[PDB]
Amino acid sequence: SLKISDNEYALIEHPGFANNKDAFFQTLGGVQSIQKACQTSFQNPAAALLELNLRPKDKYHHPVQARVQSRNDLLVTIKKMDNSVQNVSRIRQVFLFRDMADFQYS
């Protein structure tokens, strides 16, 4: 056994893919914009905000704001060699972009 640590994280549930990392991070405004969004979520949770733009060069595209919520999700770090649990941390806030009407796929 192991005790859940003090470390905490924010989680962004993005509906696209990271094949082009720069383009990928840019859909959320870039790496600094992501860090600013996470920092606000911890300093002032009620104000947390993040915007997604999957198609930047397309004039018909509507940028979308995340729904922000907390659940009780955990982040579990496992040592790949023996599959032992190295660390467990709480995900305190989630930016939900998947499952909004725009990005549904089945």
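Start at 1 with the first residue shown and count on from there.
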Output the stretch having the higher mean C-alpha B factor in the entry; the candidates are 23-31 and 74-82.
74-82
Please compare 4-12 with 96-104 and name the stretch with the higher mean C-alpha B-factor in the deposited structure.
96-104
Which listed residue, 36, 62, 67, 57, has the largest C-alpha temperature factor in the record?
62
Chain third (lowest, middle, highest) by recorded CA B-factor, residue given as residue 18
highest
